[PDB]
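Contents: one structure, followed by commentary.
Here, residue 1 is the first one in the sequence, and each next residue gets the next number. We use all heavy atoms of the structure for the numbers below, so side chains are in, but hydrogens, waters and symmetry mates are not.
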Amino acid sequence: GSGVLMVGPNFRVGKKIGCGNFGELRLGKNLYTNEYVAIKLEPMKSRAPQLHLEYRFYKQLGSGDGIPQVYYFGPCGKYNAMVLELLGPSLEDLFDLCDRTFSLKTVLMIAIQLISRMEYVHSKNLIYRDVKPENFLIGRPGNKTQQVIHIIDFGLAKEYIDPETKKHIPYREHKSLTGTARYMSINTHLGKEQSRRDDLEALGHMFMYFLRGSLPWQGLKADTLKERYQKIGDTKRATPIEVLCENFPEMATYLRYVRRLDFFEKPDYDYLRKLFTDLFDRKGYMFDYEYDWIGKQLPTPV
Ligand SMILES: COc1cnc(COc2ccc(F)c(F)c2)cc1-c1cc2c([nH]1)CCNC2=O
């Protein structure tokens, strides 16, 4: 017939964008509004579905600061598709663009926003569980949120507050490891159920990754994922916070605070934000959204 893929009544499906995926993320256009969007695709033949309830997570998160807007969820040929707001490049893309190292001012502007971002997710009874530079995207040049750090991909998310009982999920171990090893909390490595603290510790590992240029357990390889996970975990436990965060006292304080959080414990997000805003003010920085990548040549979907 037409040979063109449509999602819903108005979404024309475009070229696939980004790296990785393998066809799962495509540029799209809302023909009714003449606006571009991002379209996430999942083969209806999938072994491990995630799309539909991620969509539900996007709904639960509702409209929120730094949360991409979701417009549609529906069948598209042999895929299920989720149409959402198109954003800009990820922190990982930007990191490469900035020669794999961010200034403290940039990391703090990022950290302050992400603690709030994670607190928001947590306020909706969800724990993220997929912290990494690739899942944090800036907005688009012009759609006035380009300086806002957004959080995407809630495929590994989980409700940590049982909706009926209204109780925190029970503690338990023997959870299989799947997340990204480089940033995961030490407890995640131990096979323990993840909770709020774990999202915050992963953020800490990522902040240090940005500040140092790399993490000390980063190049560990093994004959089995399980073994790699075990080596990385061993090195994380074997690297003293004071050493990992040398030259960044606030980061060391942030990190050991979260590392010491109890499984059920609500993090003191205000306390964590203040560690960074006080530092920010002390260094004489001004929160003006002028990241290290500002002025560089940024990548694009279109
Ligand atoms: C909110 O959904 C998105 C919205 N906008 C963009 C930006 O697309 C770009 C592509 C190339 C550019 F060079 C670029 F600058 C931007 C990306 C996403 C996105 C969502 C997901 C992923 N990516 C990969 C993993 N799982 C996801 O759920």
Side-chain angles (χ1 to χ4, degrees), residues 61 64-67 90-95 100-124 126-138 148-158 160 179-189 192-218 232-233 236 239 241 244-245 248-263 265-280 287 291:
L61 273 169
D65 196 9
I67 310 292
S90 63
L91 287 187
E92 184 59 19
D93 295 328
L94 295 169
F95 192 53
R100 303 181 65 68
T101 189
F102 286 153
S103 63
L104 176 64
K105 180 195 164 179
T106 276
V107 175
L108 293 171
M109 283 195 293
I110 286 168
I112 292 169
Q113 288 175 73
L114 294 193
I115 290 170
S116 292
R117 203 68 68 248
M118 211 57 69
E119 172 178 29
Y120 180 76
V121 166
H122 292 176
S123 70
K124 296 306 181 185
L126 296 182
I127 44 172
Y128 190 57
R129 307 196 306 184
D130 205 23
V131 170
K132 60 172 139 181
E134 293 94 330
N135 293 338
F136 295 113
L137 286 45
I138 57 163
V148 173
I149 308 299
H150 298 81
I151 184 165
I152 64 174
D153 192 345
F154 284 84
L156 292 168
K158 177 174 163 55
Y160 73 98
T180 288
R182 190 189 294 170
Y183 311 104
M184 62 179 50
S185 71
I186 288 177
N187 280 322
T188 295
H189 275 282
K192 298 176 181 177
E193 183 84 57
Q194 288 176 265
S195 59
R196 288 174 288 188
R197 63 186 181 172
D198 300 287
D199 287 326
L200 296 180
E201 187 181 311
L203 284 176
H205 287 161
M206 184 178 78
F207 300 146
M208 289 315 306
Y209 161 81
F210 291 144
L211 289 169
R212 303 157 50 86
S214 70
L215 291 171
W217 46 79
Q218 200 169 311
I232 291 174
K236 286 176 181 177
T239 305
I241 288 172
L244 178 65
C245 304
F248 302 104
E250 283 57 42
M251 288 293 155
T253 305
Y254 171 97
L255 209 50
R256 75 173 99 234
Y257 165 82
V258 302
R259 289 252 178 105
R260 295 169 178 170
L261 283 167
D262 168 64
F263 174 74
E265 188 163 23
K266 179 183 183 182
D268 189 335
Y269 307 96
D270 291 327
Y271 168 69
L272 296 175
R273 262 190 299 276
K274 190 149 184 298
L275 278 179
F276 297 156
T277 56
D278 284 344
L279 171 58
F280 195 82
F287 206 123
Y291 302 104

Is the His205-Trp217 ring centre distance short of 6.0 angstrom?
yes

Before you tell me yes or no, could you show the steps for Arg197 and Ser185 under side-chain hydrogen bond (donor to acceptor under 3.5 Å, both in side chains), namely the whole-Å CA-CA distance, both residues' side-chain angles and the distance that decides it to 0.1 Å?
CA-CA 9 Å; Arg197 63 186 181 172; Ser185 71; over 6 Å; no

Are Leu200 and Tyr257 side-chain neighbours, meaning at least one heavy-atom pair lies under 4.5 Å?
no

For residues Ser214 and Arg212, report the shortest heavy-atom separation together with the two atoms involved.
O-NE, 2.9 Å

In this structure, which one of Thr101, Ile112, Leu211 forms a side-chain contact (heavy atoms from CB on, under 4.5 Å) with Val107?
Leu211

Please check if the side chain of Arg117 supplies one atom and the backbone of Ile149 the other of a donor-acceptor pair under 3.5 Å.
yes

Rounded to the nearest 0.5 Å, what separates atom CG in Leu272 from atom OG1 in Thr277?
10.5 Å

What's the spacing between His150 NE2 and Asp65 CG if we round to 0.5 Å?
7.5 Å

Would you compute the distance between atom OH of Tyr291 and atom CD1 of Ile110 and round it to the nearest 0.5 angstrom?
6.5 Å

Taking the side chain as C-beta and beyond, is there a heavy-atom pair between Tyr254 and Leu203 under 4.5 Å?
yes

Identify, with sequence neighbours excluded, every residue that meets side-chain contact (heavy atoms from CB on, under 4.5 Å) alongside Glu265.
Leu261, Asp262

Which heavy atom of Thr180 sits nearest a heavy atom of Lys132, and at what distance?
OG1-NZ, 3.5 Å

Does the pair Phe248 and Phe207 meet the rule for a ring-ring contact (aromatic ring centres under 6.0 Å, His included), with working shown?
CA-CA 11 Å; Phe248 302 104; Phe207 300 146; over 10 Å; no

Any side-chain heavy atom of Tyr271 within less than 4.5 Å of one from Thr253?
yes

In the structure I gave you, are the side-chain heavy atoms of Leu104 and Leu279 within less than 4.5 Å of one another anywhere?
yes

Parallel, tilted or perpendicular: ring planes of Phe287 versus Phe280, cut at 30 and 60 degrees
tilted

First locate atom CG of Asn135, then atom CG of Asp153, and finally report the distance between them rounded to the nearest 0.5 Å.
5.0 Å

Closest non-hydrogen atom pair between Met118 and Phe136, with its separation:
CE-CZ, 4.3 Å

Can you name the residues that form a side-chain contact (heavy atoms from CB on, under 4.5 Å) with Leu137, not counting sequence neighbours?
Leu87, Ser90, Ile152

So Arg129 and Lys158, do their side chains get closer than 4.5 Å, heavy atoms only?
yes

Correct closest heavy-atom pair for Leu91 and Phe102 would be O-CZ, 3.8 Å

Please find the pair of heavy atoms, one from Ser116 and one from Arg273, that lie closest to each other, and give the distance.
OG-NH1, 3.1 Å

Closest contact, heavy atoms only, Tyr128 versus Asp199
N-OD2, 2.9 Å

Indicate yes or no for a side-chain donor-acceptor contact from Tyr120 to the backbone of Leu61 under 3.5 Å, with no hydrogens or angles considered.
yes

Within the structure provided, determine whether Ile151 and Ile67 are in side-chain contact (heavy-atom separation under 4.5 Å).
yes

Looking at side-chain heavy atoms only, is the closest gap between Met208 and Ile241 below 4.5 Å?
no

Measuring from atom CG of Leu275 to atom CD1 of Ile115, what distance do you get when rounded to the nearest 0.5 angstrom?
8.0 Å

Have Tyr209 and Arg100 got a donor and an acceptor in their side chains that come within less than 3.5 Å?
yes

Derivation and outcome, side chain to side chain contact (heavy atoms under 4.5 Å, CB included), residues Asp198 and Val131
CA-CA 9 Å; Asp198 300 287; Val131 170; over 6 Å; no

Quick one: CE on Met184 to CD on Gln194, what's the gap to the nearest 0.5 Å?
7.0 Å

Are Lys236 and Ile232 close enough, and set up right, to give a side chain to side chain contact (heavy atoms under 4.5 Å, CB included), and what steps lead you there?
CA-CA 6 Å; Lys236 286 176 181 177; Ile232 291 174; 3.4 Å; yes

Could you check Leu108 against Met251 for side chain to side chain contact (heavy atoms under 4.5 Å, CB included), going step by step and ending with a plain yes or no?
CA-CA 10 Å; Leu108 293 171; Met251 288 293 155; 4.2 Å; yes

Using salt bridge (charged side-chain N to carboxylate O under 4.0 Å, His left out) as the criterion, point out the one residue from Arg260, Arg259, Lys192 that pairs with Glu201.
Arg259

Beyond-backbone contact of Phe263 with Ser195, side-chain heavy atoms, under 4.5 angstrom:
yes

